[PDB]
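**Q** Quick one, structure for this:
(4 chains)
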Amino acid sequence: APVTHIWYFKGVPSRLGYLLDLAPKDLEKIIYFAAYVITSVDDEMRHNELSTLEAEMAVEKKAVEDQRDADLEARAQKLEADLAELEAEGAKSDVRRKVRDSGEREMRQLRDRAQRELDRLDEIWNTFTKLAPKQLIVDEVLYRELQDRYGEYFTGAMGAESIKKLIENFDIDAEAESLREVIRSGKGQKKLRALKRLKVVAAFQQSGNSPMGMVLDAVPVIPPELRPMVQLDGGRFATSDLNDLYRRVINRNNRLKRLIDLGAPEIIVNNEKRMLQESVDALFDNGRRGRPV
Amino acid sequence: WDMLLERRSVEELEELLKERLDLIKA
Amino acid sequence: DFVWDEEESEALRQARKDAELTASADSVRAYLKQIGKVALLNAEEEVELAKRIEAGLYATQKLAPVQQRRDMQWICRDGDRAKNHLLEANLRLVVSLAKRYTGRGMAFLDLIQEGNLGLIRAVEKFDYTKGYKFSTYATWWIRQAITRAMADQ
Amino acid sequence: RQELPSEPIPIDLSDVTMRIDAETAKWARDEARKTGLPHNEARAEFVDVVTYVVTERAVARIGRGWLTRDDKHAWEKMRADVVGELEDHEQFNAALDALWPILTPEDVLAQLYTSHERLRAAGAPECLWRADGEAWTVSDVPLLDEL
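**A** Residues are numbered from 1 along each chain as shown, chains lettered A, B, ... in the order given. Find the structure here:
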């Protein structure tokens, strides 16, 4: 699994964060398997399909309205039937009022459910109509439901894979030109941001050295004799304590590989990926995210 | 895949598949 | 709930001095948040979902515009769905069993994942006709995988 | 200024939907008063007690099924994680600023003179109300110093 080099993510100014324009908090949520970020989307055809998608939402909303009508008719009719079978008796006003109370509270619950469904459908429409690359979506339910069908129009993922993908598509020259234009065609106090970010961005434009190095597809291992271990009498062992981190990284990688061999559920795979990334990050640095094992 | 054939006869697996197909068609 | 003492002050005292910096190796909060979308099964599903897993496992091998073809196209996907759902349902047990050997140098997440691989064995290496409650068999295989991992240390 | 909110304040934590209420805020400010230290010094006790309760509740909520009362190294470990996260949570710090803020003598006097509700509650006569709260007279100097 890809892993973002710790030096460039954590520790402000986050150079990866400055390059991507994403805030360090959202970048943390993305790297460490807590949120989904979108990537290349369909724009060649979906524009003609927007009307049909809206029509789908509208027809399902009309169906929701009919189902709401039936559900509330249930309460109304049962209230009327209870009052028909009760009020025929010379009963006290409590017999009349209890039915009203119960039926109307069920009425309120059903109405709440119907309105919530309508709002959820509106949210689906609104999130689709704005969906674009490098956008953030948090809820797993909404992201997965959008994928299952409408993802024929968009692709997305989480973890270091998403950052790798969106830096593959990063337009270094165009971003640098836009920042230069902003600082040149800019007079406000906010301009300093575009002034600072250029420093991080143009660093890769000026002499190359693509920012693909921000993410690692292979990690070097230092020569063994620089990290010795000393066995002792009495069953004690003295360690340089970095060999343990290397062992952990190797364990994480091997377990991840043998986990993906059988096609385990994607959530366990995500957990293992986060674990491997954290192990390699601890191998690289400690005390920044926190104290190590 | 091997453990499914080894643990139970292929006839049982075929019967289970037919039952699932029927419960989907019912 | 609403109690304050010196002895109760200590419990926040030590945590406050030590745990300002996150030791992520045991930070299980994300994974537990992810599992929480679960509710326990019953015996009926305990049988039906295993049967679905077997049917899909047969279909995916046998497959290598009519209702005969549509049925198997359905079953092949449904069995994998069943496997995933059963594993996701049983994750909590893996967590609760991984707790049992924490603190002896092993990070909790390692035990979680070893038990999860044992469970991934358990989901398919199983027959509903045996009648045993699936959670007990899952506990057996989770503990077996965890101690197999603990054979390496 | 030992205020407790009229409505619960959502913690808005990353994973758990924890919230603070006038009950726990009342208990915390009660304990801080019981300590008897000055305002900015009893802030430590107030924040510590609030953190204790919120962490207990949050760990109980996260510890569902897999964890009930594993006091040794499992319950306490989750308490440690929750406190480590909460002490840096922006919303928690904002809430603890709204409740029991750090005050200077000017912050006290200006608001006290302007509100006209604080004067009534504190027993101060309305002979000394003014909209220009931070306009000091020679009479306010000793009060500002005693604050």
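
**Q** Can you tell me the element residue 97 falls in?
**A** All of this refers to chain A. Here residue A:97, judged by DSSP states H and E, is contained in helix A:93-130.

**Q** let's do chain D instead
**A** Assigned by DSSP H and E, residue D:97 belongs to helix D:90-98.

**Q** and chain C, which residues reach chain B?
**A** C:51-52, C:54-55, C:57-59, C:61, C:67, C:71-72, C:74-75, C:78, C:124-125, C:127 (C-beta under 8 Å from any C-beta of the partner chain). C-beta coordinates here come from the backbone N, C-alpha and C atoms, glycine included.

**Q** one more time with 7 Å
**A** Listed as neighbours of chain B in chain C under the rule C-beta under 7 Å from any C-beta of the partner chain: C:51-52, C:54-55, C:57-59, C:61, C:71, C:74-75, C:124-125, C:127.

**Q** Is it possible to mark the buried ones in those?
**A** C:51, C:52, C:54, C:55, C:57, C:58, C:59, C:71, C:74, C:75, C:124 (16 or more other C-beta atoms under 10 Å in any protein chain shown).

**Q** And for the closest residue to the first one other than its chain neighbours, the neighbour number?
**A** In this structure, residue C:51 finds its nearest non-sequential neighbour in residue B:16, 5.4 Å apart by C-beta to C-beta, 6 or more residues apart in numbering or on different chains. Here the neighbour count serves as a burial measure; for residue B:16 (other C-beta atoms under 10 Å in any protein chain shown) it reads 19.

**Q** Let's check: the centremost residue of chain C is which one?
**A** Centroid-nearest residue in chain C, with C-alpha atoms, centre = their mean: residue C:91, separated by 2.2 Å.

**Q** Around chain C, which positions in chain D sit nearby?
**A** By C-beta under 7 Å from any C-beta, the residues of chain D that approach chain C are D:15, D:27, D:31, D:48-49, D:51-52, D:62, D:65-66, D:70, D:73-74, D:77, D:79-81, D:83-84, D:87.

**Q** Just the buried ones from those residues, in ChimeraX syntax?
**A** Burial among the residues of chain D next to chain C is assessed by 16+ other C-beta under 10 Å; the matching ChimeraX selection reads:
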select /D:15,27,31,48,49,51,52,62,66,70,74,77,79,80,81,83,84
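
**Q** Mind checking if the helix holding residue D:97 is in reach of chain A?
**A** No: under the criterion of C-beta under 7 Å from any C-beta, chain A is not reached by helix D:90-98; the shortest gap measures 9.5 Å.

**Q** Output the next helix or strand after that helix as PDB - backbone C-alpha positions only.
**A** Per DSSP H and E, the first helix or strand lying C-terminal to helix D:90-98 is helix D:105-115. Extracted in PDB, the C-alpha atoms of helix D:105-115 (Å, rounded to 0.1, in the frame of the first residue of the first chain):
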ATOM      1  CA  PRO D 105     -10.000  43.100  36.100                       C
ATOM      2  CA  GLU D 106     -11.200  45.100  33.000                       C
ATOM      3  CA  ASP D 107     -13.000  42.100  31.600                       C
ATOM      4  CA  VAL D 108     -14.900  41.900  35.000                       C
ATOM      5  CA  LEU D 109     -15.700  45.600  35.500                       C
ATOM      6  CA  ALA D 110     -16.700  46.500  31.900                       C
ATOM      7  CA  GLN D 111     -19.200  43.600  31.600                       C
ATOM      8  CA  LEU D 112     -20.500  44.100  35.200                       C
ATOM      9  CA  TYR D 113     -21.100  47.800  34.600                       C
ATOM     10  CA  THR D 114     -22.600  47.300  31.100                       C
ATOM     11  CA  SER D 115     -24.900  44.300  31.400                       C
END
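
**Q** got the buried residues for the helix holding residue A:97?
**A** Buried residues in helix A:93-130, counted by 16+ other C-beta under 10 Å: A:99, A:103, A:106, A:107, A:110, A:114, A:117, A:121, A:124, A:125, A:127, A:128.
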